[PDB]
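Q: What follows is query.txt, made up of compact mmCIF, N, CA and C atoms and all ligand atoms:
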```
# COMPACT_ATOMS: atom_id res chain seq x y z
N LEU A 1 111.55 -111.27 62.04
CA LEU A 1 112.93 -110.63 62.14
C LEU A 1 113.83 -111.70 62.79
N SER A 2 115.08 -111.75 62.39
CA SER A 2 116.05 -112.47 63.18
C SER A 2 116.14 -111.77 64.58
N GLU A 3 115.98 -110.46 64.65
CA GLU A 3 116.08 -109.75 65.98
C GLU A 3 114.90 -110.11 66.92
N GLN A 4 113.72 -110.25 66.33
CA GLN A 4 112.56 -110.69 67.14
C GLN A 4 112.72 -112.12 67.64
N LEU A 5 113.17 -113.00 66.76
CA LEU A 5 113.43 -114.38 67.16
C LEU A 5 114.52 -114.50 68.19
N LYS A 6 115.52 -113.64 68.12
CA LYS A 6 116.55 -113.59 69.15
C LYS A 6 115.97 -113.12 70.47
N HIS A 7 115.08 -112.11 70.42
CA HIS A 7 114.35 -111.69 71.64
C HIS A 7 113.56 -112.87 72.20
N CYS A 8 112.80 -113.59 71.37
CA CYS A 8 112.15 -114.81 71.83
C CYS A 8 113.03 -115.86 72.49
N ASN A 9 114.19 -116.13 71.92
CA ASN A 9 115.13 -117.04 72.52
C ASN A 9 115.57 -116.64 73.90
N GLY A 10 115.75 -115.35 74.11
CA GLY A 10 115.96 -114.79 75.44
C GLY A 10 114.84 -115.03 76.42
N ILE A 11 113.62 -114.83 75.94
CA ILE A 11 112.39 -115.13 76.75
C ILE A 11 112.32 -116.59 77.14
N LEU A 12 112.54 -117.48 76.17
CA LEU A 12 112.65 -118.86 76.46
C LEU A 12 113.67 -119.19 77.51
N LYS A 13 114.92 -118.72 77.38
CA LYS A 13 115.93 -118.94 78.41
C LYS A 13 115.42 -118.49 79.80
N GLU A 14 114.68 -117.37 79.84
CA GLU A 14 114.27 -116.83 81.08
C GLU A 14 113.17 -117.77 81.65
N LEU A 15 112.22 -118.22 80.82
CA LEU A 15 111.19 -119.16 81.28
C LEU A 15 111.74 -120.49 81.88
N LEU A 16 112.89 -120.91 81.37
CA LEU A 16 113.53 -122.15 81.76
C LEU A 16 114.51 -121.96 82.92
N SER A 17 114.71 -120.72 83.35
CA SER A 17 115.75 -120.42 84.37
C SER A 17 115.33 -120.81 85.75
N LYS A 18 116.31 -121.07 86.61
CA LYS A 18 116.00 -121.72 87.88
C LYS A 18 115.21 -120.83 88.84
N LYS A 19 115.30 -119.54 88.66
CA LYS A 19 114.59 -118.63 89.51
C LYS A 19 113.08 -118.73 89.42
N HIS A 20 112.53 -119.26 88.32
CA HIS A 20 111.08 -119.45 88.18
C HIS A 20 110.65 -120.87 88.49
N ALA A 21 111.59 -121.73 88.91
CA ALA A 21 111.30 -123.15 88.99
C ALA A 21 110.18 -123.48 89.95
N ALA A 22 109.90 -122.65 90.95
CA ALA A 22 108.83 -123.03 91.91
C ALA A 22 107.48 -122.95 91.24
N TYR A 23 107.36 -122.22 90.14
CA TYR A 23 106.08 -122.29 89.41
C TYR A 23 106.21 -122.76 87.96
N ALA A 24 107.42 -122.85 87.39
CA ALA A 24 107.56 -123.28 86.00
C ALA A 24 107.56 -124.80 85.81
N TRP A 25 107.88 -125.54 86.88
CA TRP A 25 108.11 -126.99 86.80
C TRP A 25 107.01 -127.86 86.18
N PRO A 26 105.70 -127.55 86.40
CA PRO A 26 104.72 -128.33 85.68
C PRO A 26 104.72 -128.20 84.20
N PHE A 27 105.41 -127.16 83.67
CA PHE A 27 105.47 -126.86 82.23
C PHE A 27 106.77 -127.25 81.53
N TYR A 28 107.70 -127.85 82.28
CA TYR A 28 109.03 -128.22 81.72
C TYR A 28 108.95 -129.29 80.68
N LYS A 29 108.01 -130.21 80.84
CA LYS A 29 107.92 -131.39 79.99
C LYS A 29 106.51 -131.64 79.57
N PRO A 30 106.31 -132.54 78.62
CA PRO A 30 104.92 -132.78 78.28
C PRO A 30 104.10 -133.42 79.39
N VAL A 31 102.83 -133.04 79.40
CA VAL A 31 101.86 -133.62 80.33
C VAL A 31 101.90 -135.09 80.05
N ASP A 32 102.37 -135.86 81.04
CA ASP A 32 102.18 -137.38 81.09
C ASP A 32 100.77 -137.83 81.59
N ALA A 33 99.84 -138.00 80.64
CA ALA A 33 98.47 -138.30 80.96
C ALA A 33 98.38 -139.65 81.73
N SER A 34 99.13 -140.65 81.28
CA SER A 34 99.18 -141.95 81.91
C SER A 34 99.64 -141.84 83.34
N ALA A 35 100.81 -141.29 83.54
CA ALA A 35 101.38 -141.20 84.86
C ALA A 35 100.52 -140.39 85.85
N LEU A 36 99.82 -139.35 85.39
CA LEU A 36 98.90 -138.59 86.26
C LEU A 36 97.47 -139.14 86.35
N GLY A 37 97.16 -140.22 85.62
CA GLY A 37 95.80 -140.85 85.69
C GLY A 37 94.74 -140.00 85.00
N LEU A 38 95.14 -139.19 84.01
CA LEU A 38 94.24 -138.29 83.33
C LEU A 38 93.78 -138.91 82.00
N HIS A 39 92.80 -139.80 82.09
CA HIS A 39 92.35 -140.57 80.94
C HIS A 39 91.70 -139.70 79.85
N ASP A 40 91.17 -138.53 80.21
CA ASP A 40 90.53 -137.63 79.23
C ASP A 40 91.43 -136.47 78.73
N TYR A 41 92.68 -136.39 79.18
CA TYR A 41 93.54 -135.24 78.81
C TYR A 41 93.63 -135.08 77.31
N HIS A 42 93.89 -136.17 76.61
CA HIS A 42 94.11 -136.05 75.19
C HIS A 42 92.86 -135.87 74.37
N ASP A 43 91.72 -136.11 74.99
CA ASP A 43 90.44 -135.86 74.33
C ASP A 43 90.13 -134.40 74.34
N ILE A 44 90.52 -133.76 75.45
CA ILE A 44 90.14 -132.38 75.68
C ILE A 44 91.18 -131.41 75.06
N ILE A 45 92.44 -131.74 75.26
CA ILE A 45 93.59 -131.04 74.67
C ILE A 45 94.15 -131.74 73.42
N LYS A 46 93.80 -131.16 72.29
CA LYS A 46 94.17 -131.68 71.00
C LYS A 46 95.56 -131.34 70.58
N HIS A 47 96.15 -130.30 71.18
CA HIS A 47 97.42 -129.77 70.76
C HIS A 47 98.25 -129.45 71.98
N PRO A 48 98.76 -130.49 72.63
CA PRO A 48 99.62 -130.29 73.81
C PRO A 48 100.83 -129.45 73.50
N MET A 49 101.34 -128.77 74.50
CA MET A 49 102.56 -127.99 74.38
C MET A 49 103.19 -127.88 75.74
N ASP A 50 104.52 -127.71 75.74
CA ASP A 50 105.33 -127.60 76.92
C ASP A 50 106.65 -126.96 76.54
N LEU A 51 107.42 -126.57 77.53
CA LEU A 51 108.56 -125.73 77.23
C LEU A 51 109.71 -126.51 76.62
N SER A 52 109.82 -127.79 76.92
CA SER A 52 110.83 -128.59 76.22
C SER A 52 110.55 -128.76 74.74
N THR A 53 109.29 -128.85 74.34
CA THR A 53 108.87 -128.87 72.93
C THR A 53 109.12 -127.51 72.23
N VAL A 54 108.78 -126.42 72.94
CA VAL A 54 109.17 -125.11 72.49
C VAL A 54 110.70 -124.98 72.30
N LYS A 55 111.48 -125.45 73.26
CA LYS A 55 112.95 -125.41 73.16
C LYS A 55 113.47 -126.21 71.95
N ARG A 56 112.95 -127.40 71.75
CA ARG A 56 113.34 -128.23 70.62
C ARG A 56 113.02 -127.51 69.29
N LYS A 57 111.85 -126.90 69.18
CA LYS A 57 111.43 -126.20 68.00
C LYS A 57 112.32 -125.03 67.73
N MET A 58 112.69 -124.31 68.79
CA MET A 58 113.56 -123.19 68.69
C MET A 58 114.95 -123.63 68.21
N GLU A 59 115.44 -124.71 68.80
CA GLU A 59 116.77 -125.19 68.45
C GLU A 59 116.80 -125.68 67.04
N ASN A 60 115.71 -126.25 66.58
CA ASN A 60 115.62 -126.70 65.19
C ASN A 60 115.26 -125.63 64.14
N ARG A 61 115.06 -124.39 64.56
CA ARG A 61 114.71 -123.23 63.71
C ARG A 61 113.38 -123.40 63.07
N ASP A 62 112.46 -123.99 63.83
CA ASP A 62 111.14 -124.20 63.28
C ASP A 62 110.26 -122.97 63.38
N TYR A 63 110.58 -121.97 64.22
CA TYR A 63 109.71 -120.82 64.34
C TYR A 63 110.10 -119.83 63.27
N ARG A 64 109.20 -119.50 62.34
CA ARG A 64 109.56 -118.63 61.24
C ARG A 64 109.51 -117.20 61.71
N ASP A 65 108.80 -116.92 62.79
CA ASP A 65 108.72 -115.58 63.30
C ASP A 65 108.26 -115.60 64.76
N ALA A 66 108.33 -114.47 65.41
CA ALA A 66 107.97 -114.38 66.83
C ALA A 66 106.53 -114.77 67.11
N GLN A 67 105.61 -114.42 66.24
CA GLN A 67 104.24 -114.74 66.38
C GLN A 67 104.03 -116.26 66.54
N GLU A 68 104.79 -117.06 65.78
CA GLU A 68 104.70 -118.50 65.90
C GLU A 68 105.14 -119.00 67.30
N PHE A 69 106.22 -118.41 67.82
CA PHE A 69 106.75 -118.72 69.15
C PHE A 69 105.76 -118.34 70.23
N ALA A 70 105.23 -117.13 70.12
CA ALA A 70 104.15 -116.75 71.05
C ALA A 70 102.92 -117.65 71.04
N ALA A 71 102.51 -118.02 69.83
CA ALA A 71 101.38 -118.92 69.71
C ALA A 71 101.61 -120.19 70.52
N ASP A 72 102.80 -120.77 70.42
CA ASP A 72 103.11 -122.02 71.15
C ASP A 72 103.15 -121.83 72.66
N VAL A 73 103.71 -120.72 73.11
CA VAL A 73 103.82 -120.49 74.53
C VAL A 73 102.41 -120.25 75.09
N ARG A 74 101.57 -119.50 74.36
CA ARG A 74 100.19 -119.20 74.86
C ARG A 74 99.32 -120.47 74.81
N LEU A 75 99.55 -121.29 73.81
CA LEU A 75 98.91 -122.60 73.69
C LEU A 75 99.18 -123.43 74.93
N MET A 76 100.40 -123.44 75.42
CA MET A 76 100.72 -124.17 76.62
C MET A 76 99.85 -123.70 77.79
N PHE A 77 99.82 -122.39 78.00
CA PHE A 77 99.04 -121.82 79.11
C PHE A 77 97.53 -122.03 78.91
N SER A 78 97.05 -121.82 77.68
CA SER A 78 95.61 -122.01 77.33
C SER A 78 95.15 -123.46 77.60
N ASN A 79 96.02 -124.42 77.30
CA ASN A 79 95.67 -125.86 77.56
C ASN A 79 95.50 -126.09 79.04
N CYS A 80 96.38 -125.49 79.86
CA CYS A 80 96.30 -125.53 81.28
C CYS A 80 95.00 -124.96 81.84
N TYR A 81 94.61 -123.79 81.35
CA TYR A 81 93.39 -123.15 81.81
C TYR A 81 92.18 -123.90 81.27
N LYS A 82 92.22 -124.41 80.05
CA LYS A 82 91.08 -125.19 79.51
C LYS A 82 90.86 -126.55 80.21
N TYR A 83 91.93 -127.33 80.37
CA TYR A 83 91.84 -128.63 81.00
C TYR A 83 91.49 -128.62 82.50
N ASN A 84 92.18 -127.80 83.28
CA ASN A 84 92.04 -127.89 84.72
C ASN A 84 90.95 -127.06 85.35
N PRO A 85 90.37 -127.54 86.48
CA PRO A 85 89.45 -126.70 87.28
C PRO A 85 90.09 -125.38 87.61
N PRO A 86 89.30 -124.31 87.68
CA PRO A 86 89.85 -122.92 87.91
C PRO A 86 90.56 -122.68 89.26
N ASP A 87 90.21 -123.48 90.27
CA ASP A 87 90.90 -123.47 91.60
C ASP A 87 92.08 -124.48 91.76
N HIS A 88 92.48 -125.09 90.66
CA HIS A 88 93.66 -125.90 90.71
C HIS A 88 94.97 -125.04 90.93
N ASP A 89 95.81 -125.55 91.78
CA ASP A 89 97.14 -124.99 92.06
C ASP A 89 97.94 -124.73 90.78
N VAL A 90 97.82 -125.61 89.79
CA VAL A 90 98.63 -125.45 88.54
C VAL A 90 98.22 -124.26 87.72
N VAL A 91 96.97 -123.87 87.86
CA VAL A 91 96.42 -122.67 87.21
C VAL A 91 97.09 -121.41 87.77
N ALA A 92 97.21 -121.26 89.09
CA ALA A 92 97.93 -120.11 89.67
C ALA A 92 99.40 -120.10 89.21
N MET A 93 99.98 -121.26 88.98
CA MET A 93 101.40 -121.34 88.58
C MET A 93 101.54 -120.90 87.14
N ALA A 94 100.64 -121.39 86.33
CA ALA A 94 100.50 -120.95 84.94
C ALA A 94 100.41 -119.46 84.78
N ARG A 95 99.56 -118.83 85.58
CA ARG A 95 99.38 -117.40 85.51
C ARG A 95 100.62 -116.70 85.91
N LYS A 96 101.32 -117.19 86.92
CA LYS A 96 102.58 -116.57 87.32
C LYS A 96 103.65 -116.67 86.17
N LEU A 97 103.75 -117.85 85.57
CA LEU A 97 104.73 -118.05 84.47
C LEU A 97 104.30 -117.24 83.24
N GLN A 98 103.01 -117.20 82.96
CA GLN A 98 102.53 -116.39 81.83
C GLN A 98 102.86 -114.90 82.00
N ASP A 99 102.80 -114.40 83.23
CA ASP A 99 103.18 -113.03 83.45
C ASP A 99 104.64 -112.78 83.09
N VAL A 100 105.51 -113.72 83.40
CA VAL A 100 106.96 -113.60 83.04
C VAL A 100 107.06 -113.50 81.53
N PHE A 101 106.38 -114.41 80.82
CA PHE A 101 106.34 -114.33 79.39
C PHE A 101 105.79 -113.01 78.75
N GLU A 102 104.60 -112.64 79.15
CA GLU A 102 103.81 -111.62 78.46
C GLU A 102 104.49 -110.28 78.64
N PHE A 103 105.07 -110.04 79.81
CA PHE A 103 105.81 -108.81 80.04
C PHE A 103 107.00 -108.64 79.05
N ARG A 104 107.76 -109.71 78.86
CA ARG A 104 108.89 -109.67 78.00
C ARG A 104 108.48 -109.67 76.56
N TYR A 105 107.48 -110.45 76.20
CA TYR A 105 106.98 -110.41 74.84
C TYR A 105 106.45 -109.01 74.43
N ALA A 106 105.80 -108.31 75.34
CA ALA A 106 105.31 -106.96 75.06
C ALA A 106 106.46 -105.95 74.84
N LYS A 107 107.65 -106.28 75.30
CA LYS A 107 108.83 -105.44 75.06
C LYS A 107 109.72 -105.87 73.91
N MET A 108 109.23 -106.73 73.07
CA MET A 108 110.00 -107.15 71.96
C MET A 108 110.18 -105.94 71.01
N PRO A 109 111.39 -105.74 70.44
CA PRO A 109 111.56 -104.67 69.44
C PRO A 109 110.80 -104.82 68.11
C1 LIG B 1 109.60 -131.94 85.28
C2 LIG B 1 108.60 -132.74 86.06
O1 LIG B 1 108.90 -133.81 86.57
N1 LIG B 1 107.31 -132.30 85.95
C3 LIG B 1 106.11 -132.75 86.61
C4 LIG B 1 106.04 -133.71 87.63
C5 LIG B 1 104.79 -134.10 88.12
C6 LIG B 1 103.62 -133.55 87.60
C7 LIG B 1 103.69 -132.57 86.61
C8 LIG B 1 102.47 -131.96 86.04
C9 LIG B 1 102.40 -131.63 84.69
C10 LIG B 1 101.31 -130.95 84.17
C11 LIG B 1 100.24 -130.64 85.00
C12 LIG B 1 100.27 -131.00 86.35
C13 LIG B 1 101.39 -131.64 86.86
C14 LIG B 1 98.99 -130.87 87.17
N2 LIG B 1 98.99 -131.56 88.47
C15 LIG B 1 99.57 -131.05 89.58
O2 LIG B 1 99.71 -131.63 90.64
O3 LIG B 1 100.00 -129.80 89.32
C16 LIG B 1 100.20 -128.90 90.46
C17 LIG B 1 99.30 -129.20 91.68
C18 LIG B 1 101.58 -128.90 90.73
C19 LIG B 1 97.88 -131.37 86.25
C20 LIG B 1 97.74 -130.62 84.93
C21 LIG B 1 97.15 -131.49 83.83
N3 LIG B 1 99.04 -130.03 84.51
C22 LIG B 1 99.02 -128.92 83.67
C23 LIG B 1 100.30 -128.16 83.46
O4 LIG B 1 98.00 -128.54 83.15
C24 LIG B 1 104.94 -132.19 86.14
```
Would you put the structure from the file into structure tokens?
Ligand SMILES: CC(=O)Nc1cccc(-c2ccc3c(c2)[C@H](NC(=O)OC(C)C)C[C@H](C)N3C(C)=O)c1

A:
Amino acid sequence: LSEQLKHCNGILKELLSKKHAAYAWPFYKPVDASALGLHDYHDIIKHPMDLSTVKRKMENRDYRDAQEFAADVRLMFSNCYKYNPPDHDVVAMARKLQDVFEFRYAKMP
């Protein structure tokens, strides 16, 4: 639906908003494997995702439907939980940001 995609665009705006920045910030941009010294990141995560890539896709009208947008947002969180140890700080942040997402996605018309 154009209405579902519009609902998604709203969710995206909310994910990027400054009020979530204390836990959204690790997800704003792509994981820089070099800069973080993570030599195995790209071996383990075959399909990186981040919110700036989601934003670009949205702006370019690449999502044909809401399901595609959700897939990308969940992919971002799934990569986080797959790559990192379960007691990593970034995992708790992921879960907090995912809750912001999933609540709003469940209310899509
Ligand atoms: C916008 C901006 O400059 N952004 C930025 C800056 C520095 C690091 C990261 C950044 C990016 C991604 C991630 C991490 C950091 C995590 N390491 C870490 O200190 O995280 C918490 C303890 C905070 C590692 C992990 C690979 N990760 C994710 C999301 O799976 C992002």

Q: Could you please determine the separation between atom N of residue 71 in chain A and atom C of residue 102 in chain A in Å, to one decimal place?

A: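 A separation of 11.9 Å between them.
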
Q: Check which residues fall inside 5 Å of ligand LIG 1 (chain B) when counting only N, CA and C atoms and all ligand atoms, and print them as a compact mmCIF listing (two decimals) with N, CA and C atoms, keeping the file's coordinate frame.

A:
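Final output, selection-v1.txt:
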```
# COMPACT_ATOMS: atom_id res chain seq x y z
N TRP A 25 107.88 -125.54 86.88
CA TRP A 25 108.11 -126.99 86.80
C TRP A 25 107.01 -127.86 86.18
N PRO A 26 105.70 -127.55 86.40
CA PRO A 26 104.72 -128.33 85.68
C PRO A 26 104.72 -128.20 84.20
N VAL A 31 102.83 -133.04 79.40
CA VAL A 31 101.86 -133.62 80.33
C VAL A 31 101.90 -135.09 80.05
N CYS A 80 96.38 -125.49 79.86
CA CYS A 80 96.30 -125.53 81.28
C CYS A 80 95.00 -124.96 81.84
N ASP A 89 95.81 -125.55 91.78
CA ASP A 89 97.14 -124.99 92.06
C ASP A 89 97.94 -124.73 90.78
N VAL A 90 97.82 -125.61 89.79
CA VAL A 90 98.63 -125.45 88.54
C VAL A 90 98.22 -124.26 87.72
```

Q: Do you know which residues are at most 8 Å from residue 67 in chain A counting all atoms listed in the file, after dropping those on the same chain fewer than 4 positions away, and could you put them as a PyMOL selection string?

A: chain A and resi 1+4-5+63+71-73

Q: Please measure the separation of CA of residue 78 in chain A and CA of residue 33 in chain A, giving the value in Å to one decimal.

A: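 Straight-line distance from CA of residue 78 in chain A to CA of residue 33 in chain A works out to 16.9 Å.
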
Q: Need the shell around residue 51 in chain A: protein/DNA/RNA residues with any atom at most 6 Å away, counting all atoms listed in the file. Skip same-chain ones fewer than 5 positions apart. Format as a short mmCIF file (atom, residue, chain, number, x, y, z; two decimals) with N, CA and C atoms, keeping the file's coordinate frame?

A:
```cif
data_model
loop_
_atom_site.label_atom_id
_atom_site.label_comp_id
_atom_site.auth_asym_id
_atom_site.auth_seq_id
_atom_site.Cartn_x
_atom_site.Cartn_y
_atom_site.Cartn_z
N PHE A 27 105.41 -127.16 83.67
CA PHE A 27 105.47 -126.86 82.23
C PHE A 27 106.77 -127.25 81.53
N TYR A 28 107.70 -127.85 82.28
CA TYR A 28 109.03 -128.22 81.72
C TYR A 28 108.95 -129.29 80.68
N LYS A 29 108.01 -130.21 80.84
CA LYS A 29 107.92 -131.39 79.99
C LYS A 29 106.51 -131.64 79.57
N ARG A 56 112.95 -127.40 71.75
CA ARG A 56 113.34 -128.23 70.62
C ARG A 56 113.02 -127.51 69.29
#
```

Q: Which is closest to residue 14 in chain A among A:91, A:55, A:75, A:43, if we use only C-alpha atoms?

A: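 Comparing A:91, A:55, A:75, A:43 against residue 14 in chain A, the winner is A:55.
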
Q: Record the distance separating CA of residue 85 in chain A and CA of residue 15 in chain A, expressed in Å with one decimal.

A: 23.8 Å

Q: Enumerate as a ChimeraX atom specification all residues of chain A assigned to alpha helix (DSSP H) by DSSP on the backbone, naming them with the chain letters and numbers the document uses.

A: /A:2-15,21-24,33-36,41-44,51-59,66-83,89-106

Q: Pick out the closest residue to residue 82 in chain A from this set: A:45, A:7, A:100, A:62. Count all atoms listed in the file.

A: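 Answer, going by the shortest atom-to-atom distance: A:45.
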
Q: In terms of the shortest atom-to-atom distance over only C-alpha atoms, which of A:12, A:21, A:38, A:66 is closest to residue 84 in chain A?

A: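 That would be A:38, the residue with the smallest distance to residue 84 in chain A.
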
Q: Given the block above, output range 61-79 of chain A with N, CA, C and O atoms as a PDB file, in the first residue's frame.

A:
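Saved as out-v4.pdb:
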```pdb
ATOM      1  N   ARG A  61      12.766   5.109  -3.241  1.00  0.00           N
ATOM      2  CA  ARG A  61      11.542   4.316  -3.516  1.00  0.00           C
ATOM      3  C   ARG A  61      11.868   2.912  -3.847  1.00  0.00           C
ATOM      4  O   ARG A  61      11.201   2.266  -4.630  1.00  0.00           O
ATOM      5  N   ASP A  62      12.875   2.387  -3.161  1.00  0.00           N
ATOM      6  CA  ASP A  62      13.260   1.017  -3.425  1.00  0.00           C
ATOM      7  C   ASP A  62      12.390   0.013  -2.688  1.00  0.00           C
ATOM      8  O   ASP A  62      12.533  -1.147  -2.983  1.00  0.00           O
ATOM      9  N   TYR A  63      11.640   0.395  -1.643  1.00  0.00           N
ATOM     10  CA  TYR A  63      10.849  -0.585  -0.926  1.00  0.00           C
ATOM     11  C   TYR A  63       9.523  -0.715  -1.629  1.00  0.00           C
ATOM     12  O   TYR A  63       8.851   0.286  -1.773  1.00  0.00           O
ATOM     13  N   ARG A  64       9.182  -1.895  -2.140  1.00  0.00           N
ATOM     14  CA  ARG A  64       7.960  -2.049  -2.911  1.00  0.00           C
ATOM     15  C   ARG A  64       6.808  -2.202  -1.960  1.00  0.00           C
ATOM     16  O   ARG A  64       5.717  -1.993  -2.351  1.00  0.00           O
ATOM     17  N   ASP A  65       7.059  -2.577  -0.712  1.00  0.00           N
ATOM     18  CA  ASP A  65       6.006  -2.727   0.244  1.00  0.00           C
ATOM     19  C   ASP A  65       6.574  -2.710   1.662  1.00  0.00           C
ATOM     20  O   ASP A  65       7.796  -2.748   1.817  1.00  0.00           O
ATOM     21  N   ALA A  66       5.713  -2.638   2.644  1.00  0.00           N
ATOM     22  CA  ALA A  66       6.147  -2.557   4.038  1.00  0.00           C
ATOM     23  C   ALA A  66       6.970  -3.743   4.487  1.00  0.00           C
ATOM     24  O   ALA A  66       7.851  -3.577   5.277  1.00  0.00           O
ATOM     25  N   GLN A  67       6.631  -4.933   4.035  1.00  0.00           N
ATOM     26  CA  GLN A  67       7.333  -6.118   4.368  1.00  0.00           C
ATOM     27  C   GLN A  67       8.836  -6.000   4.008  1.00  0.00           C
ATOM     28  O   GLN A  67       9.695  -6.389   4.790  1.00  0.00           O
ATOM     29  N   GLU A  68       9.137  -5.388   2.868  1.00  0.00           N
ATOM     30  CA  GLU A  68      10.519  -5.188   2.478  1.00  0.00           C
ATOM     31  C   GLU A  68      11.278  -4.259   3.457  1.00  0.00           C
ATOM     32  O   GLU A  68      12.478  -4.498   3.782  1.00  0.00           O
ATOM     33  N   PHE A  69      10.599  -3.193   3.891  1.00  0.00           N
ATOM     34  CA  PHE A  69      11.142  -2.227   4.858  1.00  0.00           C
ATOM     35  C   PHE A  69      11.375  -2.894   6.203  1.00  0.00           C
ATOM     36  O   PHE A  69      12.494  -2.872   6.772  1.00  0.00           O
ATOM     37  N   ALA A  70      10.371  -3.634   6.661  1.00  0.00           N
ATOM     38  CA  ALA A  70      10.592  -4.423   7.891  1.00  0.00           C
ATOM     39  C   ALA A  70      11.734  -5.419   7.839  1.00  0.00           C
ATOM     40  O   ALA A  70      12.453  -5.558   8.826  1.00  0.00           O
ATOM     41  N   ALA A  71      11.833  -6.109   6.708  1.00  0.00           N
ATOM     42  CA  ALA A  71      12.916  -7.047   6.540  1.00  0.00           C
ATOM     43  C   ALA A  71      14.263  -6.371   6.759  1.00  0.00           C
ATOM     44  O   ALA A  71      15.140  -6.938   7.377  1.00  0.00           O
ATOM     45  N   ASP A  72      14.454  -5.187   6.190  1.00  0.00           N
ATOM     46  CA  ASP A  72      15.731  -4.458   6.323  1.00  0.00           C
ATOM     47  C   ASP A  72      15.994  -3.986   7.754  1.00  0.00           C
ATOM     48  O   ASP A  72      17.106  -4.172   8.276  1.00  0.00           O
ATOM     49  N   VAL A  73      14.956  -3.515   8.431  1.00  0.00           N
ATOM     50  CA  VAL A  73      15.137  -3.018   9.774  1.00  0.00           C
ATOM     51  C   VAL A  73      15.458  -4.203  10.688  1.00  0.00           C
ATOM     52  O   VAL A  73      16.371  -4.123  11.527  1.00  0.00           O
ATOM     53  N   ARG A  74      14.778  -5.345  10.491  1.00  0.00           N
ATOM     54  CA  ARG A  74      15.021  -6.531  11.364  1.00  0.00           C
ATOM     55  C   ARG A  74      16.398  -7.141  11.066  1.00  0.00           C
ATOM     56  O   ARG A  74      17.073  -7.625  11.970  1.00  0.00           O
ATOM     57  N   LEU A  75      16.799  -7.097   9.820  1.00  0.00           N
ATOM     58  CA  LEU A  75      18.127  -7.501   9.384  1.00  0.00           C
ATOM     59  C   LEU A  75      19.194  -6.728  10.149  1.00  0.00           C
ATOM     60  O   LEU A  75      20.179  -7.296  10.591  1.00  0.00           O
ATOM     61  N   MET A  76      19.017  -5.430  10.298  1.00  0.00           N
ATOM     62  CA  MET A  76      19.963  -4.639  11.053  1.00  0.00           C
ATOM     63  C   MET A  76      20.102  -5.171  12.477  1.00  0.00           C
ATOM     64  O   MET A  76      21.192  -5.312  13.008  1.00  0.00           O
ATOM     65  N   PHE A  77      18.976  -5.364  13.148  1.00  0.00           N
ATOM     66  CA  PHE A  77      18.989  -5.846  14.534  1.00  0.00           C
ATOM     67  C   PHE A  77      19.526  -7.291  14.624  1.00  0.00           C
ATOM     68  O   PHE A  77      20.298  -7.596  15.518  1.00  0.00           O
ATOM     69  N   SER A  78      19.096  -8.154  13.704  1.00  0.00           N
ATOM     70  CA  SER A  78      19.547  -9.573  13.645  1.00  0.00           C
ATOM     71  C   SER A  78      21.076  -9.674  13.479  1.00  0.00           C
ATOM     72  O   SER A  78      21.763 -10.522  14.124  1.00  0.00           O
ATOM     73  N   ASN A  79      21.643  -8.781  12.664  1.00  0.00           N
ATOM     74  CA  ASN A  79      23.131  -8.783  12.456  1.00  0.00           C
ATOM     75  C   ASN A  79      23.826  -8.452  13.760  1.00  0.00           C
ATOM     76  O   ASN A  79      24.812  -9.070  14.113  1.00  0.00           O
TER      77      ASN A  79
END
```
